[PDB]
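Everything on this sheet refers to the single structure shown next.
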Amino acid sequence: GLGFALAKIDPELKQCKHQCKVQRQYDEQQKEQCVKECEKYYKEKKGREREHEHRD
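FYI, the entry's author numbering numbers position 25 of the sequence shown as 25, with every residue one higher than the one before it.
Written as structure tokens, this is what we have:
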């Protein structure tokens, strides 16, 4: 299919995913779980969402 597109998402995952990928190296499945938790915050709230944006 046409999965080449980056398909950017909300920035809140930028910082949370970064934290997951920088702290304690994780396998594809292990990193999937951390993203799942970060993504879960976004998913559950499903609102405008706000963050400090200390990093990036």
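Here a beta-carbon is modelled for each residue, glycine too, at the ideal position from N, C-alpha and C.
May I have the straight-line CA-CA distance separating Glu37 from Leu2, to the nearest angstrom? 27 Å
Would you say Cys16 and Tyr26 are within 8 Å of each other, going by their C-beta atoms? It is not a contact, given that the beta carbons lie outside the stated cut-off.
Can you tell me which of the three DSSP states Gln33 falls into? Correct three-state label for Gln33: helix.
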